[PDB]
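Same chain, two forms, each on its own as structure tokens: structure 1, then structure 2.
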Structure 1
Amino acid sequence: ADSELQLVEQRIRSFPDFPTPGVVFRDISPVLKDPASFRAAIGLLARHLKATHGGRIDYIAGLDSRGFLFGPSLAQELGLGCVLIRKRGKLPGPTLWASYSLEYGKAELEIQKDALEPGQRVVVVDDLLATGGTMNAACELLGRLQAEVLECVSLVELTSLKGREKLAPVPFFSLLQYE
């Protein structure tokens, strides 16, 4: 297409009634499949984070499983490591658990108790923000490790679901906004 944002815009596809009726699933697979689109997405997020936080970011935290697609490249682009926040029963050793029952489903996440040392500054990444249940659970886990969450970011945001509100005062940034 041309601009960096354009290359990301044109690589979302939509599937209605998935996983349940009335829900439009937004699939980032075309972004992964087109190496120009992927690079553009990582570049846009990286440039935002660098302009916004300077050199204050210690780690990116990627959310299982689609956040895992972006976290490592985003971290690498910023010269940083990536830590993992996982779905239930994935992680070995001591962990912290966050289990939220929400109106539309559950957000159940875990993190290794030694994933971060206290005072470390982190940016969370996932593919998509909807209600904010998931990212909110991630911020809870990180705060219980005494990490500071600088910002959460995603490729896609569903604005009618008020995810940004739920996360406030933690800053939020997305590339693309749909209803």
Structure 2
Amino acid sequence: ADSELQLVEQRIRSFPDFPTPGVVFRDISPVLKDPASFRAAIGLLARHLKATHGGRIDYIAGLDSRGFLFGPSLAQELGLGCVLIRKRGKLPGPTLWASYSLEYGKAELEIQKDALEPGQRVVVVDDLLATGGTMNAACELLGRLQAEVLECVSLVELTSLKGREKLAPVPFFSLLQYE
């Protein structure tokens, strides 16, 4: 299978029972630490996105905090800027926020109101898709700026969690899948 995709897959480290028993934590750290693995990940994402959307993409939106690690590089590769979707309380100026369910409690994401103008087309990036709550909340916020979410993408997807279905009808793509 794809040699570039293998550079990424080999650099995913799986930690059982973190944070809780029975959960397998997928750690993307080694992808970052290996310059050829990171270059491979950004390349595969970028090639997917240009092939799927051509010139439609206006900005990449990176999710706080591990999507920050990929969004700017992905955006740079596509010749685009990167806008930021943060945990609530961290961005100055006018914002929109959206509450969502995260593990056992509620969290809040926010965006600056001037991050995007109506009609602008975005692709959302994070490291991993699990339940899809975080991506879904990001999609909500972007939709409220009257931006169009073309797709959400991640390095890893946990398929038994049906995060994909939660995002439908917004398309989704992952480099790698685990149950």
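Residue positions are counted from 1 along structure 1's sequence. Residues that one form lacks are left out of the comparison. Whichever C-alpha set is largest while still superposing within 1.5 Å between the two forms counts as the rigid core.
Comparing the two forms between the two structures on the rigid core, the single residue of 102, 96, 80, 84 with a CA shift of 2 Å or greater is 102. Superposed on the core, the two forms differ at residue 66, whose C-alpha moves 0.2 Å between the two structures.
CA movement of residue 14 between the two structures equals 1.3 Å, with the two forms superposed on the rigid core.
Legend: core-fitted overlay between the two structures; highlighted in sequence order are 20-22, 101-107, the runs of at least 3 consecutive residues with CA shifts of 2 angstroms or more.
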